[PDB]
Structures are given as C-alpha cells and as structure tokens.
*Asks:* 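Following this message is one structure expressed as structure tokens.
Position 1 is the first residue of the sequence; numbering continues from there.
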Amino acid sequence: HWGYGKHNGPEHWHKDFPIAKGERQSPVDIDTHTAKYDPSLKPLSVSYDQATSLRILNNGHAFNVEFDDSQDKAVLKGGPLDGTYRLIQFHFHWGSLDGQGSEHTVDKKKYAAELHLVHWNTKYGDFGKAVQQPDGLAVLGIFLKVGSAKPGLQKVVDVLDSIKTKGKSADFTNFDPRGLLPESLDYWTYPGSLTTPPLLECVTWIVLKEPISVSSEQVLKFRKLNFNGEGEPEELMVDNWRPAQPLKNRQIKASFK
Ligand SMILES: *c1c(C=O)cccc1-c1ccc(S(N)(=O)=O)cc1
Ligand SMILES: NS(=O)(=O)c1ccc(-c2cccc(C=O)c2)cc1
Ligand SMILES: [Zn+2]
C-alpha cells in the first residue's frame, strides 16, 4: 500500500487519498520572517504528570509509543486551542542522513528528525471521531538536531531492537514523555492535516521553536528499524517524512517575537 518509496511515496498518495492536494495539507515550510507574532496567543499548557504509557509498536511506517487515553491523564490545552486534547501516542519521522528527516522545515532548513505528540479533542469522544473534524487533533511537533544525547529519549532507543520489524510491539509502561521536551514552549501554529494517509485535514499544528538535541548514536538506532515484516527482505526504516506542502491560504502565527 502507501509508503515512502519511489513507487508508493508522497508523489503517489493523491491517487488513493485525493485530499493530498487539498487546501490545508501538512507539513509546511515555516518562513520565520513571514510568520506573525500574535500577542493574544496564550501559553501552551502541557500536563503530562499523570501520563500512562502502554506499548511501543512498529507499524511499518514509524514506531508509536501509545498511551492510555481513556481518561484525562496527559493533556494539551491553551495556546491556540479551545478545550482539552488527550495524548494518544507519539512517533517520529527521520532521515537516512543527519541533514534531512523532519517534515516541517524552518526557513527551508531540515532537521534530522521530528517528534509528533498526537492529541485528540475530548469533545469528540474518541480518536476515530476526532480525525473527522477540522479541530479534532492537536499535534505538538518538536525538531531533533544531532548533537548531545537526549537522556529522556534513551529508554525509547533501548527498546527498538525488540520491535525491529513491522507488526512487532513491546510493553512500554512507565515512560515519562516530559523528558522529550525542550526548555522553552514558544511555538508556531497553523491549521493543517495528518502528514500520512488518510491525510485528513483535522490538525491544529503546534511546532516548538526550540529543537531538542539527540546524539548521532540515538538517531543511528532509529535507522536500524525495518519497514518490512519479519522474514521479508530488509528495507531500512529511513526517510519516512513527507516534504513540505503548499501553504495556500494559511497564515502561520508565532507565540513569541
Ligand atoms: C494515527 C493513527 C493511530 O494511532 C490512526 C490514523 C492516523 C494516525 C496518524 C496520526 C498522526 C499523523 S501525523 N504524522 O502526526 O500528522 C499521521 C497519522
Ligand atoms: N496509496 S498510494 O500511494 O496511492 C499507492 C498504493 C499502492 C501502490 C502499489 C500497488 C501495487 C504495486 C506497487 C509496486 O510498486 C505499488 C502504489 C501507490
Ligand atoms: Zn507524524
């Protein structure tokens, strides 16, 4: 089916997901000189103190760390958002080389990877309903640059050997996602979409200004994962990113000057 190869990648997706050519597609390039500071944007409220991680899964496109979203345990509020968004999972997109891998770009700069913390608007009851709504999701996006190691990422790196191939999962309880954040919560925000099929236009994107630093060894271990299932020819899971899409009739707002 769809993927990231030459024969099933982002240039092909529109044939089965025509919204790929829609009016609010993600990711986008963040032109920092064209984004407008909005002094009415509130601070983000990230409340992960009670987060309950469950499992890590290689789904053939990335790996997801999944959370208990049956109660308000780990929630995102504030910023541009109305209402409460529950954390359901996080995942990454990354490159084959340190100079590429992020989906969003900043003044056309690509980061080595991008973390997506996916939340859904609790007024819609469940995630499947939320993705059908224009304000159903809020994804907190965080850039990764290669430099010093991120201690809060190491527990994720440690377990990747056990989920090398598509369909493999492992217990991943008691993981604190607060260890994945930068110091500052300054952000850009704009209305967009899922960056993989079904490409639904349901996401308020909140992209942090400050990248996190991860070590070359940490991202190298990302690149040892496999797109393929066990017993199939090995295809390294690398370059699972969609390139920047036309901004069209949208304005990116900044919470900071
Ligand atoms: C995730 C699930 C299940 O966890 C189901 C359908 C779609 C997605 C999805 C979530 C987030 C994104 S992203 N790259 O954060 O925009 C793409 C697909
Ligand atoms: N969902 S999509 O991006 O439009 C898509 C789905 C399936 C294919 C496909 C199907 C069968 C064989 C091949 C081999 O290249 C590719 C190629 C593209
Ligand atoms: Zn993503």
*Asks:* Give the intermediate values and the outcome of side-chain contact (heavy atoms from CB on, under 4.5 Å) for residues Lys253 and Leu41.
*Replies:* CA-CA 9 Å; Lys253 299 183 171 276; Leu41 278 176; 4.0 Å; yes

*Asks:* Hey, could you give me the CH2/OG1 distance between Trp120 and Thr84, rounded to the nearest 0.5 Å?
*Replies:*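 Reported to 0.5 Å precision, the distance equals 10.5 Å.
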
*Asks:* Below 4.5 Å, heavy atoms only, C-beta onward: do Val219 and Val146 meet side chain to side chain?
*Replies:*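 SC-SC contact between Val219 and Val146 confirmed.
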
*Asks:* Atom NZ of residue position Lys42 - does it have more than 12 heavy atoms of other residues, nucleotides or ligands inside 6.0 Å?
*Replies:*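 Open: at most 12 neighbouring heavy atoms sit under 6.0 Å from NZ of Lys42.
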
*Asks:* Taking only residues two or more places apart in sequence, or in another chain, which ones meet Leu220 in a side-chain contact (heavy atoms from CB on, under 4.5 Å)?
*Replies:*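 Checked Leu220 against side-chain contact (heavy atoms from CB on, under 4.5 Å); matches are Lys224.
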
*Asks:* Would you indicate whether the side-chain heavy atoms of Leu153 and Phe92 approach each other to under 4.5 Å?
*Replies:*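 Touching, per the 4.5 Å side-chain cut-off.
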
*Asks:* Quick one: are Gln154 and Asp158 in side-chain contact, heavy atoms under 4.5 Å?
*Replies:* yes

*Asks:* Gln50 side chain to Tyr48 main-chain N or O, any donor-acceptor pair under 3.5 Å?
*Replies:*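 No: the side chain of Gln50 does not pair with the backbone of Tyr48.
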
*Asks:* Are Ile56 and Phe175 packed together at the side-chain level, in the sense that at least one heavy-atom pair is separated by less than 4.5 angstrom?
*Replies:*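 Heavy-atom side-chain distance check fails, nothing below 4.5 Å.
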
*Asks:* Just verifying a value: how many Å separate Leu225 CG and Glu235 CD, rounded to the nearest 0.5 Å?
*Replies:*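 So the CG of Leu225 and the CD of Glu235 are separated by 13.5 Å.
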
*Asks:* Could you list the donor-acceptor pairs under 3.5 angstrom formed between side-chain atoms of residues 166-174 and any protein atom two or more places apart in sequence or on another chain?
*Replies:*
unit_1, atom_1, unit_2, atom_2, d
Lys168, NZ, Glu230, OE1, 3.1

*Asks:* When you measure from the side chain of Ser193 to the backbone N and O of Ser26, does any donor-acceptor pair fall under 3.5 Å?
*Replies:* yes

*Asks:* Consider only side-chain heavy atoms of I, L, V, M, F, W and Y, link residues closer than 4.5 Å, and tell whether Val203 and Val131 are in one cluster.
*Replies:* yes

*Asks:* Please name the pair of heavy atoms, one in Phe143 and one in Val106, separated by the smallest distance, quoted to 0.1 Å.
*Replies:* CE1-CG2, 3.4 Å

*Asks:* Please determine whether a side-chain nitrogen of the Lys or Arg among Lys248 and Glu23 lies less than 4.0 Å from a carboxylate oxygen of the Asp or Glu.
*Replies:*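 Salt bridge flag = yes for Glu23 with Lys248.
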
*Asks:* Under 3.5 Å, side chain of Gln218 to main-chain N/O of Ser215, donor-acceptor pair present?
*Replies:*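 Flag set: sc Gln218 to bb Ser215 pair under 3.5 Å.
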
*Asks:* Does some side-chain heavy atom of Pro243 sit less than 4.5 Å from a side-chain heavy atom of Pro10?
*Replies:* yes

*Asks:* For side-chain contact (heavy atoms from CB on, under 4.5 Å), just list the numbers for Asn64 and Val118, CA-CA rounded to whole Å, side-chain angles, deciding distance to a tenth of an Å, and then say yes or no.
*Replies:* CA-CA 10 Å; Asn64 290 348; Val118 182; over 6 Å; no

*Asks:* Would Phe222 and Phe63 count as a close aromatic pair, with their ring centres under 6.0 Å?
*Replies:* yes

*Asks:* Enumerate the residue pairs fulfilling salt bridge (charged side-chain N to carboxylate O under 4.0 Å, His left out) with a member in residues 135-152, sequence neighbours excluded, ordered by first and then second residue.
*Replies:*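 Counting only pairs at least two positions apart or across chains, the salt bridge (charged side-chain N to carboxylate O under 4.0 Å, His left out) contacts touching residues 135-152 are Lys123-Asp135.
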
*Asks:* Quick one: CZ on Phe90 to CD1 on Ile142, what's the gap to the nearest 0.5 Å?
*Replies:*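 Output value for this atom pair is 10.0 Å.
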
*Asks:* Just grab all the salt bridge (charged side-chain N to carboxylate O under 4.0 Å, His left out) pairs involving residues 208-223, residues at least two apart or on different chains.
*Replies:* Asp98-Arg223, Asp186-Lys209

*Asks:* Search all heavy atoms of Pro182 against all heavy atoms of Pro211 and return the closest pair with its distance.
*Replies:* CB-O, 4.1 Å

*Asks:* Indicate yes or no: at least one non-hydrogen side-chain atom of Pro197 is less than 4.5 angstrom from one of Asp16.
*Replies:*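 Heavy-atom side-chain distance check fails, nothing below 4.5 Å.
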
*Asks:* Are any side-chain N or O atoms of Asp68 and backbone N or O atoms of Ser70, one a donor and one an acceptor, separated by less than 3.5 Å?
*Replies:*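 Judged by distance alone, yes, a pair lies under 3.5 Å.
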
*Asks:* Hey, which of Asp69, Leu140, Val139 is the one that makes side-chain contact (heavy atoms from CB on, under 4.5 Å) with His119?
*Replies:*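 The side-chain contact (heavy atoms from CB on, under 4.5 Å) with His119 is passed solely by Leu140 among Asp69, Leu140, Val139.
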
*Asks:* Measuring from atom CZ of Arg178 to atom CG of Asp49, what distance do you get when rounded to the nearest 0.5 angstrom?
*Replies:* 5.5 Å

*Asks:* Is there a side-chain contact between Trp241 and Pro27, using heavy atoms and a 4.5 Å cut-off?
*Replies:*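 A side-chain contact under 4.5 Å is absent here.
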
*Asks:* Would a single hydrophobic cluster contain both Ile212 and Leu76, if residues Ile, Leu, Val, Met, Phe, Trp and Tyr are joined by side-chain heavy-atom contacts under 4.5 Å?
*Replies:*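 Yes, it is one cluster - the side chains of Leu76 and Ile212 are joined through contacts under 4.5 Å.
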
*Asks:* With sequence neighbours left out, what residues match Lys129 under side-chain hydrogen bond (donor to acceptor under 3.5 Å, both in side chains)?
*Replies:* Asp126

*Asks:* Is it true that a side-chain atom of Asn240 and a backbone atom of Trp94 form a donor plus acceptor pair closer than 3.5 Å?
*Replies:* yes

*Asks:* Would one find more than 12 heavy atoms of other residues, nucleotides or ligands at under 6.0 Å from atom CG of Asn59?
*Replies:*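 Yes, because the 6.0 Å sphere around CG of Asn59 holds more than 12 heavy atoms from other groups.
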
*Asks:* Considering residues, nucleotides and ligands other than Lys108, do more than 12 of their heavy atoms fall under 6.0 Å from its NZ?
*Replies:*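 Count not over threshold, so no.
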
*Asks:* Could you pull out the closest heavy-atom pair between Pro80 and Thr189, with the gap in Å?
*Replies:*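 Looking at all heavy atoms of both residues, the shortest contact is CG-OG1, 3.5 Å.
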
*Asks:* Applying ring pair (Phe, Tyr, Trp, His ring centres under 6.0 Å), can you list everything that pairs with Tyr4, at least two apart in sequence or on another chain?
*Replies:*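 Per chain and number, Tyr4 pairs via ring pair (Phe, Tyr, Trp, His ring centres under 6.0 Å) with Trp2, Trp13.
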
*Asks:* Under 3.5 Å, side chain of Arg250 to main-chain N/O of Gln25, donor-acceptor pair present?
*Replies:*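 A pair under 3.5 Å: yes.
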
*Asks:* Checking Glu201 side chain against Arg24 main chain: does a donor-acceptor pair fall under 3.5 Å?
*Replies:* yes

*Asks:* Can you tell me how far apart CG (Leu208) and CG (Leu44) are? Round to the nearest 0.5 Å.
*Replies:* 7.0 Å

*Asks:* Check whether any side-chain N or O of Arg242 sits under 3.5 Å from a backbone N or O of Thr195 as a donor-acceptor pair, and report yes or no.
*Replies:*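 It does not hold such a pair.
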
*Asks:* Which heavy-atom pair separates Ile19 from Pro198 by the least distance, and what is that distance?
*Replies:* CG2-O, 3.5 Å

*Asks:* Apply side-chain hydrogen bond (donor to acceptor under 3.5 Å, both in side chains) to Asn226 and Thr165, showing your working.
*Replies:* CA-CA 5 Å; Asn226 283 5; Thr165 49; over 6 Å; no

*Asks:* Does atom CG (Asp107) have a neighbourhood of more than 12 heavy atoms from anything else shown, all under 6.0 Å?
*Replies:*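 Yes.
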
*Asks:* For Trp205 together with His104, are the ring centres under 6.0 Å from each other?
*Replies:* yes

*Asks:* Okay, side chain of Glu114, backbone of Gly141: is any donor-acceptor separation there less than 3.5 Å?
*Replies:*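 A pair under 3.5 Å: no.
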
*Asks:* Rounded to the nearest 0.5 Å, how far apart are CG of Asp38 and CD1 of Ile252?
*Replies:*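 Here the interatomic distance stands at 13.5 Å.
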
*Asks:* Side-chain heavy atoms nearer than 4.5 Å, only ILVMFWY residues, links allowed to pass through others: does that put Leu81 and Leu185 together?
*Replies:*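 In one cluster: yes.
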
*Asks:* Mark yes or no for whether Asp29, through its side chain, and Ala244, through its backbone, hold a donor-acceptor pair below 3.5 Å.
*Replies:* no

*Asks:* So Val214 and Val157, side-chain contact (heavy atoms from CB on, under 4.5 Å) or not? Walk me through it.
*Replies:* CA-CA 11 Å; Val214 306; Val157 168; over 6 Å; no

*Asks:* Please tell me if the side chains of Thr122 and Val75 come closer than 4.5 Å, counting only heavy atoms from C-beta onward.
*Replies:*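 They are not in side-chain contact.
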
*Asks:* Given the rule that I, L, V, M, F, W and Y join up when any side-chain heavy atoms are under 4.5 Å apart, are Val65 and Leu57 in one cluster?
*Replies:* no

*Asks:* Walk me through whether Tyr190 and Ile30 qualify under side-chain contact (heavy atoms from CB on, under 4.5 Å).
*Replies:* CA-CA 10 Å; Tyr190 76 96; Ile30 298 169; 5.5 Å; no

*Asks:* Which pair of heavy atoms, one from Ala35 and one from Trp188, lies closest together, and at what distance?
*Replies:*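 Heavy-atom minimum between the residues: CB-CD1, 4.0 Å.
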
*Asks:* Report whether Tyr111 and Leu115 are members of the same hydrophobic cluster (ILVMFWY, side-chain heavy atoms less than 4.5 Å apart, transitive linking).
*Replies:*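 As far as the 4.5 Å side-chain criterion goes, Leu115 and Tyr111 are not connected within one cluster.
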
*Asks:* Can you see which heavy atom on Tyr37 is nearest to which on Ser255, and at what distance?
*Replies:* CE1-O, 3.7 Å

